[PDB]
Every structure is written in C-alpha cells, then in structure tokens.
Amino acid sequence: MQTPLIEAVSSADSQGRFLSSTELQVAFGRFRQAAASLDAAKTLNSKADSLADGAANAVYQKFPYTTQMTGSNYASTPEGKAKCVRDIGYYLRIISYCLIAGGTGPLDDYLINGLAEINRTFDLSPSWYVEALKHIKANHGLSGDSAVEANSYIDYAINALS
C-alpha cells in the first residue's frame, strides 16, 4: 500500500538494490510533514460523528428524492439513512488514514479500487458522495498544511467519483 516509504522500497527492490541517498531523502521529506498530519487525523476522529451527519444532511438537501423515493438504494427509511451515514463515515475514516500514512494508499486500497463497480451494482449515485465530500471539506475546521493535505485527499476522492 503506497506511502512515500513503500514507493522507495518497491523501486529499490524491483531493481535488486539497496536504498539510495535519494530514497533516504524521500524519508526525511515524509518525516518532516508527518507530525502535523498525525494531528489532523486526531481532530478528524473527534469530529467524525458530527461531520458524518452534517455531510449526510447536506446530501439530503441537494438531492431531495433520496429522502422520498422508496427502494433499497435510497435513504427513505431508518435503515437507508443509517447505510448512508455509514458510507460517509467510511470516506471520513479512510481519509484520516491517508493523513496517518502520508499518501493515498489507504484511499486506493480500501475505497477507490472497485468503487465504480460498487456504485453501479448497488445503484448509488457518485454525485451523492461528491456532495458529502464537499461538505466535509468546508467543515473539518483544519488549518495550515494539514488542511491542504486533507483537501488533496478529499479532491482525489471526488475525482475518482467523477
């Protein structure tokens, strides 16, 4: 699962060689950002339930048919809304993992790879999750480079859905 560190080892290993000064400098780079990103992941944890509801509410506003039309794939029921907020909690949790890992690896392995197949088979619209992500982006309440990173992960997820 791709992080700056694993990318370097995978390059070195595919060429049968020991790590280079450059791959060592990759690690310094990763370690220079790490602590502010780790902090960002902690604040996302303390606001997760709050963000997830807020996001799911923002989806029900933008797409009112999702609250009213009956059928498995909609939030017209207690169970439908609970599925929806769950899915939003997954995007949020998996995004916090990207802050921990210093790259998109958790996003690729846990969510993005197969996403189209999931959304098609279960009749879930990608645009729904795009709105939820937009809400998360505007309310996480992060600042500094933590925000710029978190937002890169959110943008990367929106782009996979589009």
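Just count from 1 along the sequence shown to find any residue number.
Q: So 116-124 or 55-63, which one's hotter by mean CA B-factor in the entry?
A: The stretch with the larger mean CA B-factor is 55-63.
Q: Check the entry's C-alpha temperature factors for 9-17 and 138-146, then say which stretch has the higher mean.
A: Higher mean C-alpha B-factor in the PDB entry: 138-146.
Q: Report the option among 27, 69, 41, 35 whose CA atom has the maximum B-factor in the deposited record.
A: Top of the list by C-alpha B-factor: 69.
Q: Based on the deposited C-alpha B factors for this chain, I'd like to know if residue 162 is in the lowest, middle or highest third.
A: It belongs to the highest third of the chain when residues are ordered by C-alpha B-factor.
Q: Thinking about Cα B factors across the chain, which third does residue 50 belong to?
A: Highest third - that is where residue 50 ends up once the chain's C-alpha B-factors are sorted.
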